[PDB]
Amino acid sequence: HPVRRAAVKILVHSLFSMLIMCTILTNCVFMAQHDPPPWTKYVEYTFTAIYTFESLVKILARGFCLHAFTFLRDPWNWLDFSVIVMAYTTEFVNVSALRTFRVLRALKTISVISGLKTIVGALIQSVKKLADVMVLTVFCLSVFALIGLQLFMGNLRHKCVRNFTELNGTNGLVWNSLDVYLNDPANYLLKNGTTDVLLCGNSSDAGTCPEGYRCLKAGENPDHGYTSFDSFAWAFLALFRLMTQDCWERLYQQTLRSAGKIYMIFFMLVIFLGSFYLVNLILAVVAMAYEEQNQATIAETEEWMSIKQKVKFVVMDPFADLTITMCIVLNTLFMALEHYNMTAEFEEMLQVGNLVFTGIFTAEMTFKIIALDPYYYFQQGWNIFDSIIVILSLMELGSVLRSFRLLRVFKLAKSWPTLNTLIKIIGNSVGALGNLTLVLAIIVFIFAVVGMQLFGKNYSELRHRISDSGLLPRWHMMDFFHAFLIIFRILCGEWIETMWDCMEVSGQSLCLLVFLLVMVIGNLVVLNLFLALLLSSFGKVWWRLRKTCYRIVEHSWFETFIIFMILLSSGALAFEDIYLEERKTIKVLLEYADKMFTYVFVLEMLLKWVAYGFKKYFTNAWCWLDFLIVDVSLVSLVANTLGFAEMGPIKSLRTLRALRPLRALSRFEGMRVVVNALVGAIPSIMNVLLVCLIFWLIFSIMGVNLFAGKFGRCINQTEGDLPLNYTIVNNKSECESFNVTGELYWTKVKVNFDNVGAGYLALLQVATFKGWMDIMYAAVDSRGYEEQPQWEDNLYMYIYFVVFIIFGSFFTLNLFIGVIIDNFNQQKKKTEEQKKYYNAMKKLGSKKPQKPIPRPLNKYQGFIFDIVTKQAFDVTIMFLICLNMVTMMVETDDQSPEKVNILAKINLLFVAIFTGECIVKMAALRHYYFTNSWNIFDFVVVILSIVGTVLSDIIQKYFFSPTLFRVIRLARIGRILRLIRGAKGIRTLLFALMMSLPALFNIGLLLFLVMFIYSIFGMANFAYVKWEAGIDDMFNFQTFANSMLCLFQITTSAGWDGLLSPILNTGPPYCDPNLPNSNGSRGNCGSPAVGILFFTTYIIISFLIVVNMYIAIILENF
Ligand SMILES: CCCNC[C@@H](O)COc1ccccc1C(=O)CCc1ccccc1
């Protein structure tokens, strides 16, 4: 047919493809709109027509029903098939939610662009290769969800309820008990500094409600209802949230607040294993799928002219590009000397300096135009780049626009190889890997418009249930930009806090579905891009005495003695909390112990000397460490007795006593090798930190140009939380004219962009996503210069942070991890009890045994033997234990008496089934319960089950203990762990985990030591800090246990902004200096210099230790 040939010619032709691509792109910019005008309706029709034409033009090219089979064989056209079907249905003949379907059109260009379909296809293999670790992750999450459910069932419903005294007449204190104390939130007491209920616990480790507030379980719900441990669904959600570490510290502090501080152990166990280990397993198998597919593709590929003479003679030898790099460095350094309150002459000086720098660059640019050839400038990319910045600078001479000089610092890339490694990464992100980035871009676009069509009217109408008062939420999906922002925040790792609000406004089923799909798919494709970037960038008495001391120092008892003194002295350090003032006996006890310690360590020093020699002593680095610390101690003692004591610097120098635990590093052959292999990689960390400091210098100068001085608030003193209305108070100066009453305080935000240093602090709080909320809120409210912030004026400043997060957090991370990996390779190329652990893992880890047991050949014995052996018996007892698991999942809080009756009956039924299996099994012939470790394991669990049943039988008659039940019942969890015998994936993964826990023990020991040093430092400084955002009555630095809680929390980087926040404040509107402090000190202030030092250094050292050591572990396992 002629129409057949015509349709085929249109099909193969390439102008049709670009026509449909432009049509899709315009339909995209038309989907991304909310509140479309009527002039859009025909446009809809328009698109419909074109797509239908596509359909015809292809099916008329097919021809028949066999051709229709071949056409539908490629699945991609099923999409626009459904698209035109839905179009005809909606245009011929409602819930109004069908409009959400045409976003499928946006996926069409993945099949139209022949490169994108390759990506979205090659991204399918890993998610079905993720199966083994996915079921291991679901299995561990469900195990720990049962554990957490049994431990904390209805614990999060504890509330510091007010005091209720019951009345005689029953059946403003007048009320009813339950209907008033369950649905009444008036009765509860809010947490200090929040509109959030206070939790409590009857235990002596939980929150202590103030006088006048008892503490019960009769409460509304958890925060919005979604953080319960009450059911297995809610508990599985809570443990998923703690696995992804999304706001996990909030659940940590809530649970410890109600359950007790000792359950801290639980949380660390679920972080040291749940978050870290399961997440890292998923990540490592994705990395393995990536390596495998890339090597698979690599294998598939393996299948007047006088004046010309004079000027060219003058420009023969420029030879001064080094002076140009120096002038660039001076230019950035000169731009960096910009701050908030600059004098007029200093501003004029900076302007003249950058003017003369522009002159320098313009002059040598026009010289380089005539130095070689304008075809040379047409040739090289660097020269094009400097030409661009010159034109942009002259445009400046003709807030965002001044910053384009900053790219000049990138000119250092030619001499700073790690900087050009960074730019190679950024050039692959949109170069050789442009398709991955483009796929991610259209996926974020699809998710943004899908979410906005699904949730726009919800977010817009029911906003009253999502914000404080008649006012907007900071995060929503009504506009496309805010939907993109929700998606981007999710990609950053914050999906629970906006999911709560979405489900509060929209609906749990659909919102859960979409946010979990966004998180899974987006984090998967972002990990794909991350890994792809990482892969694309790849007389004799004197001598007699000396040998006497040489004998006295090498004696093992001497070494154990000094180790014990080290440990005792550090433990003595731990006793230095705020309660020594009333501890009179142990005060002087610790005084004498301290002087004994310095004397014994200095005598040890002198004997080391006289034995080994001064050159043999002062060459060892750890001996230098010991000498330095004993020097600290000696000077402290000397100035303590020989006058000039409690004198400023000398009385604050004994704070350095907290370094005393560092003596332990040299002794233990685990910490020593760890610190060796760690400081052996400080040069790489230093050069990468230099590249990151230059990049964040760029971004901090941008933030100082954009909003420096625009972060002030002018809070009203009574309210305190929020700022003020622009209408009423507009300027900082009007904040000082209406200030006839001293309630107005023009405060900055704690972390702002006022210097390059405050810029660096804000960029660290944004790059870790802790504390960035207030940064970005004060930035997208930044109206004027000293002007009061309008609620979302300058809304597009979000872009700044987004861009920074992409270049300063994503790519720099690709830098960090990058060098680390390669660093280790070169170190790869160039505790004896743990060796015995190794040897025993070799010894008793016997895999294949001999013939286990022969048939007893008796009538009953042989029959029971034969019914025990067949694998059908194994699979059915596994089905039985899985049914026990499910009947374990059906337990909730405050369920009912009859249901718990039934559940206890089924409990006895199941322990009976399994103990019958046990009595049949040990009688296999004689030796079933001796050969395999699994049989004796289930033997232990079955006897534990029988003893648990009889303990449940003897609750009160013989002897009673209230809390122990909750843990003996927890032994039932052991039964589900019996499933580890059947599965092969999770068993091998958990065994390879248990093989490496000596290494994790050494790493956790170094981490514990760093926590100990920083706990003592914070006990010295950060006690008496005002109780604010992240420092409550339970997570302090007051005691040592509180310090360990705070520091374990921060070790995951979580909530570190909320703890640094009360260390920064220094003013009367927040602090109270001159406060009658109980100790020698005064004032409840933090000290910003050492607070920033402490927290930034602590999170950076913990990040470095964890990253370095975990990559070492992962490489040594590989
Ligand atoms: C993408 C992970 C999502 N969940 C974790 C994050 O939320 C924060 O985790 C951390 C908490 C404390 C210190 C460091 C980290 C890290 O990021 C290092 C992870 C890591 C693991 C193994 C090998 C290299 C690096």
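Each residue's number is its place along the chain shown, starting with 1.
Cβ coordinates come from backbone N, Cα and C, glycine included.
As written in Swiss-Prot, here are the features:
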type     : residues  : note
TOPO_DOM : 33-40     : topological domain 'Extracellular'
TOPO_DOM : 63-71     : topological domain 'Cytoplasmic'
CARBOHYD : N94       : N-linked glycosylation site
TOPO_DOM : 117-129   : topological domain 'Cytoplasmic'
DISULFID : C160-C209 : disulfide bond
CARBOHYD : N163      : N-linked glycosylation site
CARBOHYD : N168      : N-linked glycosylation site
CARBOHYD : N171      : N-linked glycosylation site
CARBOHYD : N192      : N-linked glycosylation site
CARBOHYD : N202      : N-linked glycosylation site
INTRAMEM : 232-252   : intramembrane segment
TOPO_DOM : 253-260   : topological domain 'Extracellular'
TOPO_DOM : 339-347   : topological domain 'Extracellular'
CARBOHYD : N341      : N-linked glycosylation site
TOPO_DOM : 371-376   : topological domain 'Cytoplasmic'
TOPO_DOM : 416-432   : topological domain 'Cytoplasmic'
TOPO_DOM : 455-480   : topological domain 'Extracellular'
CARBOHYD : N458      : N-linked glycosylation site
INTRAMEM : 481-499   : intramembrane segment
DISULFID : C502-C511 : disulfide bond
TOPO_DOM : 577-587   : topological domain 'Extracellular'
TOPO_DOM : 611-619   : topological domain 'Cytoplasmic'
TOPO_DOM : 643-648   : topological domain 'Extracellular'
TOPO_DOM : 669-681   : topological domain 'Cytoplasmic'
TOPO_DOM : 707-751   : topological domain 'Extracellular'
CARBOHYD : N716      : N-linked glycosylation site
CARBOHYD : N725      : N-linked glycosylation site
CARBOHYD : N731      : N-linked glycosylation site
CARBOHYD : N739      : N-linked glycosylation site
INTRAMEM : 752-773   : intramembrane segment
TOPO_DOM : 774-796   : topological domain 'Extracellular'
MOD_RES  : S846      : phosphoserine
TOPO_DOM : 891-901   : topological domain 'Extracellular'
TOPO_DOM : 924-932   : topological domain 'Cytoplasmic'
TOPO_DOM : 956-962   : topological domain 'Extracellular'
TOPO_DOM : 984-993   : topological domain 'Cytoplasmic'
TOPO_DOM : 1023-1040 : topological domain 'Extracellular'
INTRAMEM : 1041-1057 : intramembrane segment
TOPO_DOM : 1058-1088 : topological domain 'Extracellular'
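Cα of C160 (disulfide bond) to Cα of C502 (disulfide bond): a span of 28 Å. Considering only the recorded positions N163, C209, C502, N731, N716 (N-linked glycosylation site) has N731 as its nearest partner by CA-CA distance. Considering only the glycosylation sites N94, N168, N171, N731, the residue whose Cα is spatially closest to the Cα of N341 (N-linked glycosylation site) is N731. Distance across the unmodelled 6-residue segment, from the CA of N171 to the CA of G172, is 18 Å in the deposited entry.
Comparing Cα positions, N94 (N-linked glycosylation site) lies closest to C511 out of the recorded positions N171, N202, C502, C511. For the unresolved segment of 3 residues bounded by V93 and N94, the separation of the terminal Cα atoms comes to 9 Å. In the three-state DSSP classification, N458 (N-linked glycosylation site) falls within a helix. With 7 residues unmodelled in between, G398 and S399 have Cα atoms 14 angstrom apart.
Long-range contacts of the topological domain 'Cytoplasmic' (611-619) within the same chain, counting only residues at least 6 positions beyond its ends with a Cβ under 8 Å from a Cβ of the stretch, are 546, 549-550, 552-553, 627.
Within the chain, the topological domain 'Cytoplasmic' (117-129) has long-range Cβ neighbours (under 8 A, six or more residues past its boundaries) at 76, 110-111, 285-286, 289-290, 293, 435-436, 439, 524-525, 528. Counting only same-chain residues at least 6 apart in sequence, those with a Cβ under 8 Å from the Cβ of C511 (disulfide bond) are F455, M499, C502, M503.
Here the topological domain 'Extracellular' (339-347) has Cβ contacts under 8 Å with residues 704, 708-709, 754-755 of the same chain, all six or more residues outside its ends. Long-range contacts of the topological domain 'Extracellular' (956-962) within the same chain, counting only residues at least 6 positions beyond its ends with a Cβ under 8 Å from a Cβ of the stretch, are absent. By neighbour count, meaning other C-beta atoms within 10 Å, the densest spot among the glycosylation sites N168, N192, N731 is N731.
Remote same-chain residues near the topological domain 'Cytoplasmic' (416-432) are listed as 410, 529, 533, 536-537, 687-688, 690-691, 694-695, 807, 811-812, 814-815, 818-819 (criterion: CB distance under 8 Å, separation of at least six residues from the stretch ends).
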